[PDB]
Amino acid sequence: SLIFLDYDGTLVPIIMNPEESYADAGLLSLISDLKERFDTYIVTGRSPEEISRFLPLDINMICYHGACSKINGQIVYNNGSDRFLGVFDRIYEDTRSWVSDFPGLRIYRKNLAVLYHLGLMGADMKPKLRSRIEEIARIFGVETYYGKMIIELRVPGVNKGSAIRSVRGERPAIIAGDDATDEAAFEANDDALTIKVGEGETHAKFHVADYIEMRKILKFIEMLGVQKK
């Protein structure tokens, strides 16, 4: 059957340095085993280049919250998102210097998104930075996402739920995630086995404490298949 797994905060912990989130041997073994028994999909806001190096396994992925997928190794742009490739290049070029204007600010460039991390930044200039980002968004016609210590410019209309729905249709599936974008995905796929990771109110059918418990559940599902055959 199908299994859709969010990456950050679901399979790995949320950390201050997101560029370091490579999968450890434990996760590599778990997913390696899991993909042998289930059609496995990593669903993330990360790019295919990121997940590909973080988790170098033979699995499918829905990236950028659905703007691009990597299926059977093929980079597949969805909803004509490739029309935005030149846009994000320009956005990065015109805003990369902000790292000096706002010491502490970190900018993560991706083909279809530019993520501004305010984690190490001073509090005082955040409202100013936020307004600058929104201005760039209006200028280039892109969409702005506000997360925890994060502000990301992305392709308008991306939606994890819709992307997942599009793949599974009505087929049975497991869907796991840790934040609002996943909560929304559960809503768009409420007939699936929804799993919430972390604290907070949720409508998921099952709930786990953290990525460690999440991994344990996946570990168990694997053992179930070993007996099942």
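Each residue number is its position in the shown sequence, starting from 1.
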- Message: Regarding 215-223 and 5-13, which shows the higher C-alpha temperature factor on average in the entry?
- Response: 215-223
- Note on the structure: Comparing mean C-alpha B factor in the record for 130-138 and 111-119, the higher one is 130-138
- Message: According to the Cα B-factor stored in this entry, which of the following is highest: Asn60, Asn189, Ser47, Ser29?
- Response: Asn189
- Task: Report the option among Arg53, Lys70, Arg37, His65 whose CA atom has the maximum B-factor in the deposited record.
- Result: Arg37
- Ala204 - which third its CA temperature factor falls in, relative to the rest of the chain: highest
- Lowest, middle or highest third: where is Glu152 by C-alpha B factor in its chain? lowest
- Third of the chain, ranked by Cα B-factor, where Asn79 sits: highest
- Query: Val87's Cα B-factor: lowest, middle or highest third of the chain?
  - Reply: middle
- Query: When the modelled residues of the chain are sorted by Cα temperature factor, does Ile42 land in the lowest, middle or highest third?
  - Reply: lowest
